[PDB]
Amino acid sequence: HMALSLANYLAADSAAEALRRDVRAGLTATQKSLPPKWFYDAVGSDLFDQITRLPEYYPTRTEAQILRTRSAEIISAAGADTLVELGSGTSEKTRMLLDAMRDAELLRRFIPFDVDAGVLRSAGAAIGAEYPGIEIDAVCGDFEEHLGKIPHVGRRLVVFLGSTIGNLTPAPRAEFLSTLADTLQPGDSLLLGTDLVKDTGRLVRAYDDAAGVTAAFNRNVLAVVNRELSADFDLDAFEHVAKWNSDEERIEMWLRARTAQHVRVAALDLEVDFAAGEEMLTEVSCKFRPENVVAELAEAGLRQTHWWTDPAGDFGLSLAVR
C-alpha cells in the first residue's frame, strides 16, 4: 500500500530552465536538434508505451523473452538481495527479476530510480502489494546526474534495460558507464540491455512503423515545446524520418519541414526559420556489436561475467562487475 521512502532531487524550476536552455541552443544551431529527454511528458510516455507493443518494434519483447527464459540464471549469478532499477519499475521485466529473487529467497529490497515522482509512488504501491515485507526506497533523479544518490544498502543488482544506454552518444555514454561503475561495491552487479546491429531494413522499420505511432511520438516533442515555451510549431508541417547511419551504426530520428516554416518561441523571445526540406535531429539510437559491448564495459572499469542473447542475435544482456 503506502509504505515508502522517497528522496527527490528534481525541481520543476530546474527542469523548466533546462528545457529553455536546450531548446534555445538546439534551435539556433545551424544543424537544428532537440534532446530526446523531452519526448517523455505524459502524452509522450503513453506513446512510447504503445511503441513497445508495435509489431515492428522488436526490442522490448525480445529483451523480455531473454529475461523470461534466463531470469533464474541472472539472479543466481548476481546473488543480489536488492534490485536497483534505473527506470520506472512498471514493466513485466521488473517482476520477472523480482519473482526470481523471491524464488531464490534473496529478495529484501527494491530501489526504483526515475524522473517522475508520481510513477515511483505508483510502483511502490504495486510492488509493495505484490511482495509484502519488501523494503522500497525510491529515488527521484536524473540517471546522468544523481547516481551518487542511490543507497549502497545491501548487495545490489543495478539494472539498465531497453537499450536506454543506446540513446546516449559515445562521450556521454562512456561518462555514464564510468560514473555508474564508480558507485558499485564488491558484490554489486550491473545488468545492461543493448540492442544489436542487424538487418538495416528491420532497424529502420522499428523506428518508422506502418501505423505512424513513432511519427506521432517524434512530432510530440514539438507539442511539448509549443505548450511549455509558447511556440507555434505546425506539427502537420513536419515529416517523420528514420535513418540508418552506417558510419556510427545508429538509428536517427529526424523531423523534416515539408515547406518553409517560421517558428516563434515566445517564452525565449526567439524566432527561427526552417527551409523547405530542412531536417532537425531529435534522437539517436545506437546499435551495438557484442565484442564492443565488452570493450565499452571494460573501459568503464567493468568486467562482463555473463552474456545472454536471443537465438536470432537481435538483442543482448550483459552482467558486469568491478
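Counting begins at 1, following the sequence as shown.
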Does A276, which is modelled here, drop out in at least a third of the other compared PDB entries?
no
Is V294 one of the residues left unmodelled in a third or more of the other entries compared?
no
Per the record, averaged over C-alpha atoms, which has the higher B-factor: 222-230 or 100-108?
100-108
Where do the C-alpha atoms have the higher mean temperature factor in this entry, in 89-97 or in 172-180?
89-97
Just the C-alpha B-factor column, please: which of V213, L191, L196, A126 has the biggest number?
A126
Entry record, C-alpha B-factors for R250, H240, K149, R155; the maximum is at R155
Just say lowest, middle or highest third for the CA B-factor of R21 relative to the other modelled residues in its chain.
highest
Ranking every modelled residue in this chain by its Cα temperature factor as given in the entry, which third contains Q304?
middle
Sorting the chain's CA B-factors, does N245 end up in the lowest, middle or highest third?
middle
How does the C-alpha B factor of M2 compare with the rest of the chain: lowest, middle or highest third?
highest
Third assignment of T82 from its chain's C-alpha B-factors:
middle
